[PDB]
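Asks: PDB, C-alpha atoms and all ligand atoms, saved as final09.pdb, coming up:
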ATOM      1  CA  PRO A   2      44.663   2.561 -31.728  1.00  0.00           C
ATOM      2  CA  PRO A   3      44.045   6.316 -31.277  1.00  0.00           C
ATOM      3  CA  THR A   4      43.975   7.706 -34.815  1.00  0.00           C
ATOM      4  CA  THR A   5      44.441  11.307 -35.937  1.00  0.00           C
ATOM      5  CA  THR A   6      42.832  13.332 -38.723  1.00  0.00           C
ATOM      6  CA  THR A   7      44.487  15.981 -40.889  1.00  0.00           C
ATOM      7  CA  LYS A   8      43.083  19.479 -41.375  1.00  0.00           C
ATOM      8  CA  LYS A   9      42.127  20.212 -44.980  1.00  0.00           C
ATOM      9  CA  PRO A  10      44.215  23.083 -46.421  1.00  0.00           C
TER      10      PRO A  10
HETATM   11  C1  LIG B   1      41.182   8.453 -36.494  1.00  0.00           C
HETATM   12  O1  LIG B   1      40.957   7.860 -37.753  1.00  0.00           O
HETATM   13  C2  LIG B   1      40.188   6.682 -37.665  1.00  0.00           C
HETATM   14  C3  LIG B   1      40.106   6.044 -39.053  1.00  0.00           C
HETATM   15  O2  LIG B   1      39.011   5.140 -39.095  1.00  0.00           O
HETATM   16  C4  LIG B   1      38.783   7.049 -37.183  1.00  0.00           C
HETATM   17  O3  LIG B   1      38.164   7.905 -38.132  1.00  0.00           O
HETATM   18  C5  LIG B   1      38.878   7.767 -35.835  1.00  0.00           C
HETATM   19  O4  LIG B   1      37.592   8.237 -35.458  1.00  0.00           O
HETATM   20  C6  LIG B   1      39.839   8.950 -35.954  1.00  0.00           C
HETATM   21  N1  LIG B   1      40.024   9.578 -34.651  1.00  0.00           N
HETATM   22  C7  LIG B   1      39.703  10.853 -34.452  1.00  0.00           C
HETATM   23  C8  LIG B   1      40.009  11.416 -33.068  1.00  0.00           C
HETATM   24  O5  LIG B   1      39.237  11.573 -35.335  1.00  0.00           O
HETATM   25  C1  LIG B   2      47.207  12.545 -37.364  1.00  0.00           C
HETATM   26  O1  LIG B   2      47.966  13.445 -36.587  1.00  0.00           O
HETATM   27  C2  LIG B   2      48.997  12.804 -35.871  1.00  0.00           C
HETATM   28  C3  LIG B   2      49.679  13.831 -34.965  1.00  0.00           C
HETATM   29  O2  LIG B   2      50.845  13.258 -34.394  1.00  0.00           O
HETATM   30  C4  LIG B   2      50.012  12.242 -36.870  1.00  0.00           C
HETATM   31  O3  LIG B   2      50.589  13.310 -37.608  1.00  0.00           O
HETATM   32  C5  LIG B   2      49.306  11.283 -37.829  1.00  0.00           C
HETATM   33  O4  LIG B   2      50.212  10.877 -38.844  1.00  0.00           O
HETATM   34  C6  LIG B   2      48.107  11.989 -38.467  1.00  0.00           C
HETATM   35  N1  LIG B   2      47.360  11.056 -39.303  1.00  0.00           N
HETATM   36  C7  LIG B   2      47.210  11.268 -40.606  1.00  0.00           C
HETATM   37  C8  LIG B   2      46.450  10.196 -41.378  1.00  0.00           C
HETATM   38  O5  LIG B   2      47.682  12.247 -41.183  1.00  0.00           O
HETATM   39  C1  LIG B   3      40.816  15.949 -38.488  1.00  0.00           C
HETATM   40  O1  LIG B   3      39.531  15.869 -39.061  1.00  0.00           O
HETATM   41  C2  LIG B   3      38.547  15.482 -38.129  1.00  0.00           C
HETATM   42  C3  LIG B   3      37.217  15.304 -38.864  1.00  0.00           C
HETATM   43  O2  LIG B   3      36.151  15.720 -38.024  1.00  0.00           O
HETATM   44  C4  LIG B   3      38.408  16.582 -37.073  1.00  0.00           C
HETATM   45  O3  LIG B   3      37.953  17.777 -37.693  1.00  0.00           O
HETATM   46  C5  LIG B   3      39.764  16.838 -36.409  1.00  0.00           C
HETATM   47  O4  LIG B   3      39.666  17.969 -35.557  1.00  0.00           O
HETATM   48  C6  LIG B   3      40.820  17.103 -37.484  1.00  0.00           C
HETATM   49  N1  LIG B   3      42.137  17.232 -36.873  1.00  0.00           N
HETATM   50  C7  LIG B   3      42.840  18.354 -36.984  1.00  0.00           C
HETATM   51  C8  LIG B   3      44.229  18.343 -36.356  1.00  0.00           C
HETATM   52  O5  LIG B   3      42.434  19.340 -37.600  1.00  0.00           O
HETATM   53  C1  LIG B   4      44.441  16.062 -44.197  1.00  0.00           C
HETATM   54  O1  LIG B   4      45.659  16.137 -44.900  1.00  0.00           O
HETATM   55  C2  LIG B   4      46.130  14.869 -45.300  1.00  0.00           C
HETATM   56  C3  LIG B   4      47.508  15.040 -45.942  1.00  0.00           C
HETATM   57  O2  LIG B   4      47.535  14.364 -47.191  1.00  0.00           O
HETATM   58  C4  LIG B   4      45.154  14.281 -46.323  1.00  0.00           C
HETATM   59  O3  LIG B   4      45.131  15.104 -47.480  1.00  0.00           O
HETATM   60  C5  LIG B   4      43.749  14.213 -45.719  1.00  0.00           C
HETATM   61  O4  LIG B   4      42.821  13.828 -46.723  1.00  0.00           O
HETATM   62  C6  LIG B   4      43.359  15.586 -45.168  1.00  0.00           C
HETATM   63  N1  LIG B   4      42.072  15.507 -44.486  1.00  0.00           N
HETATM   64  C7  LIG B   4      41.034  16.229 -44.894  1.00  0.00           C
HETATM   65  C8  LIG B   4      39.763  16.111 -44.059  1.00  0.00           C
HETATM   66  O5  LIG B   4      41.087  16.998 -45.855  1.00  0.00           O
END
Would you write out, as structure tokens, the structure that this file holds?
Ligand SMILES: *[C@H]1O[C@H](CO)[C@H](O)[C@H](O)[C@H]1NC(C)=O
Ligand SMILES: *[C@H]1O[C@H](CO)[C@H](O)[C@H](O)[C@H]1NC(C)=O
Ligand SMILES: *[C@H]1O[C@H](CO)[C@H](O)[C@H](O)[C@H]1NC(C)=O
Ligand SMILES: *[C@H]1O[C@H](CO)[C@H](O)[C@H](O)[C@H]1NC(C)=O

Replies:
Amino acid sequence: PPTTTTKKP
């Protein structure tokens, strides 16, 4: 399913 990525600090 639609996954999401996190923005690196
Ligand atoms: C969400 O994470 C999955 C993990 O395999 C995929 O990398 C997918 O391309 C990601 N979706 C987006 C929009 O970056
Ligand atoms: C990607 O972002 C979505 C936004 O709702 C969620 O926070 C999800 O948990 C995130 N995925 C990761 C691996 O942090
Ligand atoms: C998560 O990382 C992916 C990797 O290309 C994309 O840069 C995406 O825009 C990122 N998501 C957020 C919320 O920064
Ligand atoms: C986005 O933040 C999450 C929160 O733990 C993870 O560290 C993930 O590895 C980060 N993504 C990037 C591209 O640094």

Asks: Step by step, measure atom-to-atom distances between ligand LIG 1 (chain B) and each residue using only C-alpha atoms and all ligand atoms, keep those at most 6 Å, then write them as a PyMOL selection string.

Replies: chain A and resi 4-6

Asks: Give me, as a PDB file with C-alpha atoms, in the coordinates of the input, the set of residues whose atoms come within 7 Å of any atom of ligand LIG 4 (chain B), counting only C-alpha atoms and all ligand atoms.

Replies:
ATOM      1  CA  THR A   6      42.832  13.332 -38.723  1.00  0.00           C
ATOM      2  CA  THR A   7      44.487  15.981 -40.889  1.00  0.00           C
ATOM      3  CA  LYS A   8      43.083  19.479 -41.375  1.00  0.00           C
ATOM      4  CA  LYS A   9      42.127  20.212 -44.980  1.00  0.00           C
ATOM      5  CA  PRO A  10      44.215  23.083 -46.421  1.00  0.00           C
TER       6      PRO A  10
END

Asks: Could you state the separation of atom CA of residue 2 of chain A and atom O4 of ligand LIG 2 (chain B) in Å, given to one decimal place?

Replies: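 Result for atom CA of residue 2 of chain A versus atom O4 of ligand LIG 2 (chain B): 12.3 Å, one decimal.
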
Asks: What is the atom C8 of ligand LIG 2 (chain B)-atom CA of residue 3 of chain A distance in Å, reported with one decimal?

Replies: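 Atom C8 of ligand LIG 2 (chain B) sits 11.1 Å away from atom CA of residue 3 of chain A.
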
Asks: Box for ligand LIG 2 (chain B): with edges along x, y and z, all listed atoms inside and 3 Å added on each side, what are the centre and edge lengths in Å to one decimal, as JSON?

Replies:
{"center_x": 48.6, "center_y": 12.0, "center_z": -37.9, "size_x": 10.4, "size_y": 9.6, "size_z": 13.0}
